Amino acid sequence: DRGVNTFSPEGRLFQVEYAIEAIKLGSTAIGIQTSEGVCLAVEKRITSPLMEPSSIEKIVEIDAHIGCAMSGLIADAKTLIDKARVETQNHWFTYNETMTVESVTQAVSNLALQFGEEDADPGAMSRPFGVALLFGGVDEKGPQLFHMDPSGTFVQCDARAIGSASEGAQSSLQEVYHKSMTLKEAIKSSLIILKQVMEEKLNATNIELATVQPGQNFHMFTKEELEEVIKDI
Amino acid sequence: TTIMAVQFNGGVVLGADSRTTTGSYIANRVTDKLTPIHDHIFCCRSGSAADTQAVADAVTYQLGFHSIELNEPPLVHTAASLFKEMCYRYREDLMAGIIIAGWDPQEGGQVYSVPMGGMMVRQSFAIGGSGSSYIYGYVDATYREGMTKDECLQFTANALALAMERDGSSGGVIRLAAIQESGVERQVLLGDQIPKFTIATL
Amino acid sequence: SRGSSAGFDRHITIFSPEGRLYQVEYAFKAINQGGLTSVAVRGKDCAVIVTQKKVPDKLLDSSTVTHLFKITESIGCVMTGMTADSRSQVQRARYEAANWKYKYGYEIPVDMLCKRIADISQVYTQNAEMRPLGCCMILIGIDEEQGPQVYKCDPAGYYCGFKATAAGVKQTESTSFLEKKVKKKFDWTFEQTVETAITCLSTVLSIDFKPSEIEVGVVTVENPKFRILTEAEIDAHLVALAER
Amino acid sequence: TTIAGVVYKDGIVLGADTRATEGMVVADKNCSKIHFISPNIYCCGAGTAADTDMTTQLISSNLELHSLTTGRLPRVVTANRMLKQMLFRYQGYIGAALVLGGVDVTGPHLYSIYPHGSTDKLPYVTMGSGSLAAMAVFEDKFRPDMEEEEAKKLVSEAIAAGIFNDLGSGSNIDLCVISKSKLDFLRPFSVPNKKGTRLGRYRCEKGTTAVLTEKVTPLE
Amino acid sequence: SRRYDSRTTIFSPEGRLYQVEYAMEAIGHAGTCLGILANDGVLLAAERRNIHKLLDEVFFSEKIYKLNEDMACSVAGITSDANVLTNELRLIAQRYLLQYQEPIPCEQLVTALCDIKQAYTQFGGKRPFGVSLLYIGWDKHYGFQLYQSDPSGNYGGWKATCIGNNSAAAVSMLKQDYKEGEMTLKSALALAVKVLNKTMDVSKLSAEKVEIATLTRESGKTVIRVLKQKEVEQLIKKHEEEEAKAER
Amino acid sequence: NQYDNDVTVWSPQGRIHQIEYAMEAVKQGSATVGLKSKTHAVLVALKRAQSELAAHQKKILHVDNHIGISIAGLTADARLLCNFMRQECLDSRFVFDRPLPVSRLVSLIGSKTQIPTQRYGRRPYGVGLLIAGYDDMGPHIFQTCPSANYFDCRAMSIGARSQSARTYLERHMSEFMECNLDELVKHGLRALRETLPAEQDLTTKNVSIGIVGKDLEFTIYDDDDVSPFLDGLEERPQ
Amino acid sequence: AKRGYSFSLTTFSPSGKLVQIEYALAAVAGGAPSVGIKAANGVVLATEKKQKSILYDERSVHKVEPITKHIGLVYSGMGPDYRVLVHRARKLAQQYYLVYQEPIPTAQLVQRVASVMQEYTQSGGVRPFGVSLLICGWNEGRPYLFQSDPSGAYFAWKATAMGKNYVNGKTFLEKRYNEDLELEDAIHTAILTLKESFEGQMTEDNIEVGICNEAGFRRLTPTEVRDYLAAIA
Amino acid sequence: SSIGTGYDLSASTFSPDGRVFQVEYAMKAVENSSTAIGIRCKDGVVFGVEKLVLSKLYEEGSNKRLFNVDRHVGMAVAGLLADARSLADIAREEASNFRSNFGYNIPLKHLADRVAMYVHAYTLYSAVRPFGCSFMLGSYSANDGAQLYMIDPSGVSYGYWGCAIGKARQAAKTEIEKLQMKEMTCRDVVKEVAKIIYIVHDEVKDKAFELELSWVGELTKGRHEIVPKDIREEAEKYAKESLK
């Protein structure tokens, strides 16, 4: 047995490396950055038909211009999203403007290695957040997509996949994506790759689709408009 | 209240009155205002009786512990600095006018003044209290540079006698203290032993 | 069982299956790690302290190397064991002695100073966070009502008054030497108490040491002030020993 | 309130009155003002009555804790330093005027402690409302090294002077004599004041008061 | 620091707390303690473990503690940890009396202490209290009540229960004789002696080895009393003659 | 074996393994080169990418108008120390108005990084920084480790395969002092190129340059701003 | 700089016994014998004060310690741990007198002292005391005698023995002790119970005895011990 | 003298033979670092530390092992340079607090005692580890004169005429024994200090070193200053010529 802030002979913390392993058991999520918006796709993974599919939400809005997709431990993620929602409103209160996608991601990345036993507050963190996040939104620089992991290393991505079949979905994204594709092609490509990595067949009450574009605000696809892009199998 | 300390070649000569008043009534006509801190270091108290006594006991505790740690005879400058730190930090709470005078093997005879503000300055002679105001003219005219021990004893006694004569808050008994390498010797001037000064009558 | 261990009874200050504190017992062996012996003898007129003054090389300044410490003008002590822990207990003793005179007005007795240090060292015995001090303090000084007082405190927390005491590597051998001198009726004067203290350190260790090899500190009735004899006065007692 | 102390050849005599007033009306005719500190030190009290009791009892509690640890009789300077430092910290908000007097190993020691935290060592001290009347007796009749009976007469006359001339003081005279071997706590040393007995009683006749409701509850 | 830590507030592979279950083992070694409910009153019966020739006997009871004007409790486990818990129960009962100006209901006082005992098992890194408590009392909401307490902070309202040594055998014996909603205090005291005599290491039963306390509402006031040795002697002899009458 | 869990535990050889393991974090991150002349201090850094679809990592961060850093190791520990360096520079400009000297700021890092290496349950900062700064004493290149020990160097390179860069800087160390701004940077990239295998060379997407000195304030060049520096390169020496 | 452990060192074993308390009870068993007898007229406490070196000053440190004007203490086991319990008992006795203005009842002081002893079996980073205490007192015209062990439990005794061979002491006590004994007779039977396990002649320095009655608690002078020791009265 | 399992893990744990190994391993950290010398003369103190060049790329003056505690106090360190700088800051603050309270330059005997108490405070607890470095202190004045002190990881301070700490402390001390530092002037000492380091330096195990020297005496008016380029190279020339 050892402490939480213990370095390995390799050159990295144990608790952080085990938190990366925790994502590999979670559900898969695909995000694609386009010149005319950012789309986010995720599987609901319904265990029993008795459970309500509308209750399972893995894509949530931080602001009216930024959406976020989560993978791994859902319980720990909702603490990070709630903190991100406050930070956007704190910046709005002080500066009278909406935050950039990079700034919101950086704000969550500050709570990365803030765990410890000694020299900490009575209600401080004891373990890292085992959550991989996809920050997709539109600001003054345009449509942007960011990836974050338990280590706190955030980076801009054109196409990123996180979850159980992360290696299989990423390889499929490498051979389809190019710089000058459309948003309709981005939603189409994400769904074809999403059904390939799934164990259960793709359905309207099985997936979540959300698009953030320079035109309108954060939009959640309802069952009716989902079937409009599902008909093109 | 009248307190005095005069520096000479060997060491220092101290002097203080014996009157402490709570309004217009004497609470103590035998008050000893010459407080010992160390073997050769003394201080003169003026102002609030509760405040001055509490600081004097606190410096004795601080310097006593300090002298043992260094294993060296304490300096007069060191003792006056401990009075300075308490009088300046709590200047809005304490009413004190301390004159610290003593002897050390490194410098010799030293007289330091810590007034109401909390400042510290070395002087050849020092006067403090309520009755000291009346003898500013006498001390400035009578003081000679390079006075011997016996001359400083008479110089302090005369100045204190004139102060108690005019001031209502000052009176009673003159208490003198002479400090040198030999040690500390104190004497008490009684009723008729007081320096005689004529009262002008028609 | 006689020598049994369970859990962490040998690592932290907790009880063993028998009811013994091992970490406290190891602290007494830390006193013997210095390789020095202290002897204290009480007379009718004075309290005497004598200790080895080992100078292994000429590079060291001899005047700085000392185990004799001054706590008050009337109270002195000697330290045996770990020098780092020894000085820490002296600085604490100097604090408690000054605080007593400030709060209670009068000067602290030797009886109360040793009791206070024993109570502080008890906290180390009951708490597992810190190790007990690997040092031993032997206090001397004259109580203005009872007379000369000799006290000794342990890392365990035991304090007691003494007619004669010893501490260090050659502790158990020198304590037997004092017993033979006490049993016989002696006229304990200033010169008698000092010479008994020096011979004790000279017979057990078998050296016949120079004035620069030992340090002596006395407290007499006429002079209650703590004084170190130095090489000038220690030699005078040593040349007088080789007479009878 | 009139409290006084004196130092004679053998020990110390402490004096106090028994009148306690609420404003300008007498609340207690017989009130103890000489307080217990230790089996050798006693202390007179003046000023705020609630402050006098609790300040005394706390120092008496601490000195009993102090004497049992040292294993010897507590000193008067120990009682003085405890009262001096504690009253100073409250900047005179605790209205306690005290006359400390006890026999020590060093000898007799008399102190006067003010509520602000100032102490004076004198052969004779007076505190309270009638302190000015009591001091006048000392400044006229006091002499160094007195006999026990001569010292007891001086303090009793000093307290009595504050009794008749000051409105804040009255009733009985209490004395506490402490020496090296003897401790005399004379509670009623002198009673100069006497109530004129009721020659015409106004005793209420049985059943003269009207009653509306009566309830009786039995006890075990 | 973490090497010397015993780790008390930690779950096991099977989904149970070890330190709580080990504290449950500590109570099983302590004296036999049982309390049963009746129609007109309620009583406690405990096995006194402090038995010696030179014991002074100053207190009114050994294991029966008075907490409130209308409530009393009994102890099974470590006597030292119980003295802390019973003192806390007296404080909570007085805090309610100060705030509402009415006696605290029986269920509210049991849950209040069990919240504190639950806290020690969840956070703090300290050992839990190895004391099981049996409460008896009366309130204006439900009436005569009986409660059982666990080290985990687990409570339960019983009609007839036992805790301590031979607890499993005694609770089955109480299940055999007890009649629901028909038992009077007179028949309840006879039942308590019957169980204590059979489920005990040293049989025959003497007055010094047992301690019985009763709680009955009389003239609109709750009366809590510890039965004296002469009153207990009669209850033992009534069962002792029943042993002789059985062989006929 | 049992001494490699806490910083407080000393090895029988006279070492602390947890500090040594924290130094391995710096060696795993990509190499960065820091060199100075008489008027300028240049930081040249190599960027990493987890996937070809993802953008390259940020390696050079702002501290002040005259001080800049290039990190190697943990990303979160890099930003945590960067915020401390930014705060200390802001405090000096708030109080004294003057810009804080580089020698002062590096000493402040050596004071903060020392604290957790001595306390129980605390870890060393697993990030190595190369600090470029200009004050009224000239250009400065400073090296900081996971241990509180810092270095004042003329030229240094730390990271993965940085030994090959370290050998090149040692052979051209005497040349740097009298180098032109354009030439000084070219020496930096040529050192950074030695870290990479013979299969690949430097491009516009994985090279970041930070220049500070007398002429201009600290500025970071990324993609299209780095291309005037890359053009006119000496061909690959395998 | 230091912190302090928050976890308990005394924990429950798989059997159900508290390990550290039972070892602390083993520590008191290997100490000097101590006897206490109530006589309905007064209380007597006697302990073994063996010095085994002669060099030690016998009158300097006392084992029998007074707490107030009517309460005293006698112990067995460790010396240093007892001294802290004395100061705590003295302070708790004074806290009662400042509030209630009445000498603290013996039964009440033991409850307060045992509560402190209970703490060190449950508080963070501390071991229990290795001392069992004998508390005597006089209040309401009645003598009292109590015993407080490392666990924190307190028992009221008529006559009991501690230290080494406590099983041999109590068996000799139940054979000799009788109700309604005089105070002078109580000292005689107390000084005889200590002879049961002693060896090596009794001198006025070898044992220490203290008495408690209506006059109050006081330690008997070595002159008074001398008369009660020379075989006869 | 080696324990594996337990006793050597925590600084708050005693070994069966009565030793604290955590302090002893911190003393092994100073043994692996290069030698640091300091010799007290008749009119001051001269320091000399060999600085092993790890890489040729580092600037001359980097990783300085000579520190200024006060305007009159110098500091020569050995061991881990990380802990050496932290103890320097504590020593600087201790000297700063003395001047702020009393108004005069802190004596070295008091400064060495106060810092050693801080060093000792890290050797009793499990929460903190002992400092893995040993350092020296030197000052000169009109009243106190030349003074030199050395403090080790345990927290022990002693006066020295000439002390050495590092790789070859035993080999360096044998060279100072030949010198007559009681009668020698500090200008001649710099010449002799430089040559000892060159003899002590192991140039077949270690690569190359950089010489660092410091003044503190009547020559520099009491202020602790670094040795000028003229005097340092003049002493370095003698160091190479006397080697042949």
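Note that chain A carries Swiss-Prot numbering, so the residues on display, from first to last, are 9-241.
In case you wondered, yes, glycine gets a Cβ from its N, Cα and C as well.
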Original post:
Looking at A:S35, A:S111, A:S117, A:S198, which is the one Swiss-Prot tags with O-linked glycosylation site?
Top reply: A:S198
Subject >> Least buried by Cβ count (within 10 Å) of the recorded positions A:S63, A:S198 >> reply: A:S63
Original post:
Counting all other Cβ atoms within 10 Å across every protein chain shown, which of the modified residues A:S16, A:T55, A:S56 scores highest?
Top reply: A:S16
Subject >> Residue from A:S16, A:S63, A:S198 whose C-alpha is spatially nearest that of A:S56 (phosphoserine), among the recorded positions >> reply: A:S63
Original post:
Three states by DSSP: which one describes A:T55 (phosphothreonine)?
Top reply: coil
Original post:
Between A:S16 (phosphoserine) and A:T55 (phosphothreonine), what C-alpha distance do you get in Å?
Top reply: 37
Original post:
How big is the Cα-to-Cα gap, in Å, between A:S198 (O-linked glycosylation site) and A:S63 (phosphoserine)?
Top reply: 22
**OP:** Quick one: pull the CA-CA distance for A:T55 (phosphothreonine) versus A:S63 (phosphoserine), whole Å only.
**Re:** 13
**OP:** Select from A:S16, A:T55, A:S56, A:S63, A:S198 the recorded positions whose C-beta atom falls under 8 Å of at least one C-beta in chain F, and return them in sequence order or as 'none'.
**Re:** A:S16
